[PDB]
Amino acid sequence: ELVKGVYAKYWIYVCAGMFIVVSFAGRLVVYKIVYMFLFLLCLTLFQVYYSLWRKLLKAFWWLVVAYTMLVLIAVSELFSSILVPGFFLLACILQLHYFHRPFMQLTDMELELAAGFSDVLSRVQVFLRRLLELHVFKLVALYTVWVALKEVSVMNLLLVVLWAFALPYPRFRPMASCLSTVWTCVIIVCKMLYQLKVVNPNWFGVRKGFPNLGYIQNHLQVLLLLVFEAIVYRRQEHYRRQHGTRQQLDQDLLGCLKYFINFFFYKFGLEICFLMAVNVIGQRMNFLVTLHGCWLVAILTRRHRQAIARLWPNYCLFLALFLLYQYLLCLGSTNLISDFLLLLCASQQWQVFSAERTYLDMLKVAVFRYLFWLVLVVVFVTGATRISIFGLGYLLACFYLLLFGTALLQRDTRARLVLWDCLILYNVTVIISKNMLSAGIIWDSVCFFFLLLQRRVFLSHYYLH
């Protein structure tokens, strides 16, 4: 019964895959397109109403066997169109009566070195589940954006709207998923009913193509992502249904490692949303990218984390209304993905901003003492690799900060901070300018990182020592 249980968990999808095979067996006429609709219906209900999906599993697979029958009976060329439906119904039969019930039971949440390997593999599995439970709205949202940024239309536009107004306001995430699934399927169905013989000669999305699979492959993978996400949610639910702190940082190296895998975007988050805005204005360099520049230099200027936390409400609204408007002006567009990667990062820092409200010794010396000195070498090599006028400015700031450096590393925070905040302005200006007047931004971005890291060392409690 080992293999029966394997089939009572990892083989229902064979029936689903076969559904597609039938639907895409050569020239798809109406009946093959309805076959697709049936496959879609199954997977869609899985998301919408899990309980009801489970209620009509094998019954519906047998109703499908009923479809395949009629086809083969009525309709070598003709025999190949009988063969495939037959193959489909055969697979169903096996699950239908023999593995369907123990599957409804697997979904019911309501030598020497082999044992060692099994334990190792077990650890991995559990951990990976946890990660993919929380980091999956990301990949869903990113893929539905990459698809609708390539195929600009007015029927894939709604998908951008969904995953770009549900990332800032994260209470909509469930309904985003729901409406995306139905709509992606509407797209799939319409585009297929356009590969017909009576449908012959684009803004609205629907067009004609000749690998019918290749054409409707993109939007099919989206349906896939969406559904796979729900599987992971419920699988992890089942696992626990049935069956890295601050202190750890100051103990061993592994203790610190854990603290950061747990929280990295918790702490270093304002810094990463600023290093994502520098990427937009470095890969796009147009004119609509200059407003991202002005936001950076009006958020950075309020130097207090608390004040910045009152402007984040508007930074996040702007970045979402700008992606939509720039894609309305691209329909009447594959670099607008940098305006997404940043609506993601910034929607996530809006979350930290409302949730904070609720041999290792060797490394700490070489980060909190001999790093100011490495930042100063980078300032030199930021301005002597790119020969320009702006580059001379960097050379001359290195010279000042090397001479009056010892005094700076000693002064009270007020002043240390003022001086480091001035050097940060030069960089943001060489970045906003190199754009307005157009050798690039890469070396000024390595620098913007280092200087934002040292602002954190100079404001710590470990620097007091």
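Scroll up to find the structure.
Visitor: How do you make sense of the overall build of the protein chain when you look at a structure like this?
Guide: Check the secondary structure of the protein chain and you find 24 helices and zero strands. Computed over the C-alpha atoms, the radius of gyration of the protein chain is 28 Å, more than 25% above the 23 Å expected from 2.2 N^0.38 for a compact globule of 465 residues.

Visitor: Is there a simple way to think about the nonpolar core in this case?
Guide: Nonpolar side chains in soluble globular proteins tend to be buried together. Judged by nonpolar contacts, the single largest core of 79 residues is most densely connected at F274, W312, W420 and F448. Here the element with the most residues in this core is helix α17 (residues 305-328); it accounts for 13 residues. Contact partners of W420, with chain neighbours within four places excluded, come to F372, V375, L376, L401, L451, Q454, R455 and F458.

Visitor: Is there a simple way to think about unusual backbone geometry in this case?
Guide: Leaving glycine out, the prevailing phi sign among residues is negative, and the prevailing peptide bond configuration is trans. In the Ramachandran plot, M285 falls in the positive-phi region, its phi being about 50 degrees despite a non-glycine side chain. For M285, the location among the structural elements is in the loop between α15 (270-283) and α16 (290-299).

Visitor: It is not clear to me how the layout of surface pockets should be interpreted in this structure. Could you clarify?
Guide: If a probe the size of a water molecule is rolled over the atoms, the empty space left behind becomes visible. Estimated volume of the largest pocket: approximately 1,800 Å³. In terms of lining residues, the largest pocket is bounded by 49 residues, among which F268, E271, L453, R456 and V457 are the most central. For the lining of the largest pocket, the elements supplying multiple residues, two or more each, are α13 (246-249), α14 (253-262), α15, α17, α19 (360-368), α23 (413-436) and α24 (442-457). Counting residues per element, the lining of the largest pocket draws most heavily on α23, which supplies eight residues.

Visitor: Quick question: what am I supposed to make of the side chain of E133 here?
Guide: Mapping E133 onto the fold places it in helix α7 (residues 112-134). On the basis of relative accessibility, which here comes to 17%, the residue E133 falls in the buried class. Contact partners of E133, with chain neighbours within four places excluded, come to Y233, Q236 and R240.

Visitor: Help me understand empty space enclosed by the protein in this model?
Guide: Considered as a void within the structure, the largest cavity measures approximately 40 Å³ in volume. The wall of the largest cavity is formed by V22, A25, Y31, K32, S80, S81, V84 and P85. Per-class residue counts for the lining of the largest cavity are five nonpolar, two polar and one charged.

Visitor: Quick question: what am I supposed to make of the pattern of salt bridges here?
Guide: Proximity of charged atoms lets side chains of opposite charge pair with each other. On inspection of all chains with the given rule, the structure shows 13 salt bridges. Between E237 and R234 there is a salt bridge, and its shortest N-O distance comes to 3.1 Å. Here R234 and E237 lie together in helix α12 (residues 218-242), a separation of three residues that amounts to about one turn. You can call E237 partly exposed: its relative accessible area is 21%. Among the salt bridges present, the one from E237 reaches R241, with a minimum N-O distance of 3.2 Å. Residue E237 and its partner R241 are located together in helix α12, separated by four residues, close to a single helical turn. Among the charged side chains, a salt-bridge network with shared partners connects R54, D108 and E110.

Visitor: Help me understand the side chain of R284, please; the structure alone is not making it clear to me.
Guide: For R284, the location among the structural elements is in the loop between α15 and α16. No salt bridge is formed by the buried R284; the nearest opposite charge belongs to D339, separated by 4.8 Å. A polar side-chain atom of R284 sits 2.8 Å from a polar atom in the side chain of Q326. Ignoring any residue separated from it by four or fewer positions in sequence, one finds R284 in contact with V289, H292, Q326, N335 and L336.

Visitor: Help me understand helix α6 (residues 77-106) in this model?
Guide: In an α-helix, one turn spans 3.6 residues; hence positions three or four apart end up facing the same way. For α6, with 30 residues, the first-to-last C-alpha span of 41 Å sits near the 44 Å given by 1.5 Å per residue. For α6, the principal kink sits at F99 and spans about 65 degrees; a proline, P102, occurs within the next four residues. Two or three places before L78, at the start of α6, stands the capping residue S76, its side-chain oxygen 3.3 Å from that residue's backbone nitrogen.

Visitor: Help me understand the packing of aromatic side chains, please; the structure alone is not making it clear to me.
Guide: Note on aromatic pairs: each is described by the distance of the centres and the angle between the planes. One pass over the full model with this rule turns up 36 aromatic pairs. Centroid distance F372 to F458: 5.9 Å. Interplanar angle 40 degrees. Geometry classified as tilted. The buried category is assigned to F458, whose relative accessible area is 1%. Through successive ring pairs, a cluster of aromatic residues spans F274, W295, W312, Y315, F318, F322, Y325 and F353. Against the face of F137 rests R173, its NZ or CZ located 4.0 Å from the ring centre. In this structure, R416 is placed above the aromatic ring of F458, and the distance from its NZ or CZ to the ring centre is 5.8 Å.

Visitor: Looking at this model, I keep getting lost on the packing of α7 against α12. Mind explaining?
Guide: What describes two packed helices is the angle between their axes and the distance between those same axes. It is the contact of α7 with α12, at a shortest axis distance of 10 Å, that shows an interaxial angle of 130 degrees. Judged on the interaxial angle alone, α12 and α7 are oblique. Here the hand of the crossing between α7 and α12 comes out left-handed. On α12, the residues touching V126, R129, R130, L132 and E133 of α7 are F228, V232, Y233, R235, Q236, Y239 and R240. Among the residues making up the contact of α7 with α12, the classes are represented as six nonpolar, one polar and five charged.

Visitor: Please explain the state of the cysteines as it appears in this structure.
Guide: Linking two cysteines covalently through their sulfur atoms gives a disulfide. All told, the structure shown has zero disulfides when counted by the stated rule. Between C316, a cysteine without a disulfide, and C273, which holds the nearest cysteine sulfur, the sulfur-to-sulfur distance is 7.7 Å. Judged by relative accessible area, which is 1%, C316 ranks as buried.

Rules used throughout
- Residues numbered from 1 in each chain as written, not as in the entry; some residues may be left out.
- Part of a larger assembly, values for the part shown.
- Heavy atoms only, no water.
- Residues with missing side-chain atoms left out of burial classes, pairs and counts.
- Helix = DSSP H or I, 4+ residues; strand = E, 2+ residues; numbered from the N terminus.
- Rg over C-alpha atoms; globule rule 2.2 N^0.38 Å.
- Core = buried A, V, L, I, M, F, W, Y, C linked by side-chain atoms within 4.5 Å.
- Buried < 20%, exposed > 50% of the residue type's maximum accessible area, 1.4 Å probe, protein only.
- Contact = heavy atoms within 4.5 Å.
- 1 Å grid on protein atoms, 1.4 Å probe; cavity = no way out; pocket = protein on both sides within 12 Å on 5 of 7 lines; lining within 4 Å.
- Points joined across faces, edges and corners; volume = space filled by probe spheres on them.
- Nonpolar A, V, L, I, M, F, W, Y, C, P; charged D, E, K, R; others polar.
- Salt bridge = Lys/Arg side-chain N within 4 Å of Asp/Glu carboxyl O.
- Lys, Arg positive; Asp, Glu negative; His and termini not counted.
- Polar contact = N/O pair within 3.5 Å; in protein donor to acceptor, adjacent residues only side chain to side chain.
- Expected span 1.5 Å × (residues − 1).
- Bend = angle between axes of the 7 residues up to and from the residue.
- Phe/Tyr/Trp six-rings, centres within 6.5 Å; stacked < 30°, edge-to-face > 60°.
- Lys NZ or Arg CZ within 6 Å of the ring centre and 35° of its normal.
- Axes fitted to C-alpha atoms, helices over the stretch in contact; angles between N-to-C directions.
- Parallel < 35°, antiparallel > 145°, perpendicular 65-115°, else oblique.
- Left-handed = near helix turned anticlockwise from the far one by under 90°.
- Disulfide = S-S within 2.5 Å.

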